[PDB]
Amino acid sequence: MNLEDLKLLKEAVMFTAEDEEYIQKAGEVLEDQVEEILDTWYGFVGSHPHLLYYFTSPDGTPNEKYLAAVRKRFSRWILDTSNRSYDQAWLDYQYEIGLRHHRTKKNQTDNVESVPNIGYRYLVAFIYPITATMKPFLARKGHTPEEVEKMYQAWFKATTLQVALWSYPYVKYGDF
């Protein structure tokens, strides 16, 4: 996609200049608390065997080196999402994040042997737990509940926007 297509997708998730201010604020509050955000996030993935599965070795046990490498890139993604203006380099990388969940690129970044593809049903599903994970963190620090709501809404839009972008390599050609 280019920036014209992005503008149309942003309109569909109701993402505006107001959300670019509040996603920067969310980022500020989240970057503060990244270590326990990560513990929360991997604790949810880790508590369901059918989810933890996508990180496992052939023998069905978690590949700890894979989990470690991914945790680092997840923590970087929290900051990337929080910036003032999504540009073409950002868009190009969103494609890359989707290719990495999909069989096209999964397991190549870390050079691991793991399951070949993340079922698309779960990438969509994960919009919810991603927003649910951040919510209590956004509510910490020192902000009003009205500011907290706008940060949370901003976060929800950005996550939805991104997953829709990540879905490209999964979708039958011409149906995206």
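By rigid core we mean the largest C-alpha set that fits within 1.5 Å across both forms. In case it trips you up, residue 1 is the first one in the sequence shown, and so on.
Averaged as a root mean square over residues and superposed structures in 5 other deposited structures of this protein, CA distances to the shown form are larger in 140 to 148; the pair compared was 66 to 74 and 140 to 148 with a core fit.
RMS Cα deviation from the shown model in 5 other deposited structures of this protein, rigid core fit, is larger for 27 to 35 than for the other stretch of the pair 41 to 49 / 27 to 35. As listed in the deposited structure, the average C-alpha B-factor of 49 to 57 and of 29 to 37 is greater for 29 to 37. The mean Cα B-factor in the deposited entry runs higher for 14 to 22 than for the other of 158 to 166 and 14 to 22. Among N117, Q108, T131, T144, the highest C-alpha B-factor recorded in the PDB entry belongs to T144. Among the modelled residues of its chain, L91 has a C-alpha B-factor that falls in the middle third according to the deposited record. Compared with the other modelled residues of the chain, the Cα B-factor recorded for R140 ranks in the highest third. In the PDB entry, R100 places in the lowest third of its chain by CA B-factor. Split the chain's modelled residues into thirds by C-alpha temperature factor. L3 is in the highest one.
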